[PDB]
């Protein structure tokens, strides 16, 4: 059930709405304002597959159901689940089953998310990757459980590492040979459609399946202008 709404932070404000389906749709003019300010200094701001919003701010991490209207004081009701060290991460993201993945100091870690202030998450997390993980530009999951990654200007996908003895990049399938480093945002919707913002323009299409598929030549243009101004843009 339910396709998730697109969300984004633009000029310190938080908006939500169904994603735009053509370049004549002025998304910002119709989107619901779900936060009046305070959103631009989060380092990370993302949603779990269970619908909980996670935010990293000033080295601490907070969670709560997302705000539904502009006067919902999200940070006043969010639960603080981390008191320090959350700005050390380069990436912080969920797999489809609710496990949190994190890249810190070139290593990849995985575990169920912290549920309280006193939980030393980084200490109990499993190290599933020992080196190479700060070299990616993007690292994100498809809803089918495959890990997608942009390395240099190349694009790859493969089931995630089973342990730190698993050399992921060596067995990954290459699904793109160039141009992937020029995107500002690159992410999946909840039904597996790939969405990307490249120089102000917003595109969507089924993801490439092999290195010679010219994704940008076939993708649908769903937005022209303003998308490079967002600080966060995600489903």
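Residue numbers count along the first chain shown, from 1.
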**Request:** Taking the mean of the C-alpha B-factors per stretch from the entry, tell me the winner out of 57-65 and 186-194.
**Result:** 57-65
**Item:** Mean temperature factor over C-alpha atoms, higher-scoring stretch between 200-208 and 26-34
**Value:** 26-34
**Prompt:** Whose C-alpha has the highest temperature factor in the PDB entry: 98, 160, 85, 114?
**Reply:** 85
**Prompt:** Of the three thirds of its chain by CA temperature factor, lowest, middle or highest, which one includes residue 74?
**Reply:** middle
**Prompt:** Of the three thirds of its chain by CA temperature factor, lowest, middle or highest, which one includes residue 131?
**Reply:** middle
**Request:** Quick one: classify residue 123 as lowest, middle or highest third of the chain based on its Cα B-factor.
**Result:** highest
**Asked** residue 169: which third of its chain by C-alpha temperature factor?
**Response** highest
**Fill in**
Chain thirds by Cα B factor, record data; residue 154 belongs to the highest
